[PDB]
Amino acid sequence: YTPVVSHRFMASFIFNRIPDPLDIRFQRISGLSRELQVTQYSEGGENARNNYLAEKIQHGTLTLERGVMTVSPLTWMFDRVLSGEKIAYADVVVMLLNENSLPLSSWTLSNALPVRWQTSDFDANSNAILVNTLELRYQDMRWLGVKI
Amino acid sequence: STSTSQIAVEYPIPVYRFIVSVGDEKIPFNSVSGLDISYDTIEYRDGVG
């Protein structure tokens, strides 16, 4: 039918089956890619058409940046795991939104491990928002709804 | 009632009477324009401001 636009979205986190509804305001989210790795096997007298053998599926890496805000249960989670205290998992629910703020489709990203966390640079010469480019690696992705 | 010697020291001077000397020659021109003294600017801002 008709396509949808890419500037309404919210992403909520699930810290140990306890939802996190304070941290849904993000600047951008990376867009979710998955890829089936493929080993090409060429053989014998068949030298006019390829022959591709499937392999394991390689999921992408989810980056999402936000303006730096007051400290929140999202920020206490990344600071806990990137200071070497506790390696813990967090589930991410990324959903599109309608005009009536209803979800079109949602991606649930099970057991996403927070990998890196990077702020923007200070500079005195230009005016811009300090952002928090924080990037986390998920190990499964289960698309759910209508209008994928 | 100003005199002609106060005009020559107070009143400003008009453009329509000038002589140009190119090297050692005197060539009578009509309109000379575009001479100026310009500089560029360097800004430096740091931290506390």
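Among the residues of chain B, which ones are within 14 Å of another protein chain (Cβ to nearest Cβ) and not acidic (D, E)? So that I can check it myself, show each step before the final result.
Taking chain B and keeping what is within 14 Å of another protein chain (Cβ to nearest Cβ), we get B:42-49.
Selection gives B:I42, B:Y44, B:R45, B:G47, B:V48, B:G49.
Within the stretch A:7-22, the residues that satisfy the criterion of being over 18 Å from A:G67 (Cβ atoms) and surrounded by 11 or more Cβ atoms within 10 Å (Cβ to Cβ) are A:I14, A:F15, A:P19.
Going by what's in this entry, would A:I87 be described as assigned to a loop (DSSP other than H, G, I, E, B), of a type outside the set (S, T, Y) and closer than 30 Å to B:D46 by Cα? No, not satisfied.
Tell me, please, whether a residue that is loosely packed, with under 10 Cβ neighbours inside 10 Å and either over 20 Å from the mean Cα position of the chain (by Cα) or in contact (Cβ under 8 Å) with a residue 12 or more places away in the chain (or both) can be found in the stretch B:11-22. There is no residue in the stretch B:11-22 that is loosely packed, with under 10 Cβ neighbours inside 10 Å and either over 20 Å from the mean Cα position of the chain (by Cα) or in contact (Cβ under 8 Å) with a residue 12 or more places away in the chain (or both).
Would you be able to tell me the number of residues in the stretch A:44-79 that are aliphatic (A, V, I, L, M) and not in a loop (DSSP other than H, G, I, E, B)?
Residues in the stretch A:44-79 being aliphatic (A, V, I, L, M) and not in a loop (DSSP other than H, G, I, E, B): 7 in total.
Filtered by the rule that a residue be within 30 Å of A:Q37 (Cα to Cα), surrounded by 13 or more Cβ atoms within 10 Å (Cβ to Cβ) and among the polar types (S, T, N, Q), the stretch A:56-87 gives A:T61, A:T63. Scanning the stretch A:1-28 for residues that are in contact (Cβ under 8 Å) with a residue 24 or more places away in the chain, in contact with a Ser or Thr (Cβ under 8 Å, 6 or more places away or on another chain) and among the hydrophobic types (A, V, I, L, M, F, W, C) yields a single hit, A:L22. The residues of the stretch A:91-128 that are under 15 Å from A:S12 (Cα atoms) and touching a helix residue (DSSP H, G or I) at 6+ places or on another chain (Cβ under 6 Å) amount to a single one, A:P114.
Here, each number is a calculation from the coordinates, and none is a lab measurement. For neighbour counting, all protein chains shown are included, and Cβ atoms are generated from backbone atoms with ideal geometry for every residue, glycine included.
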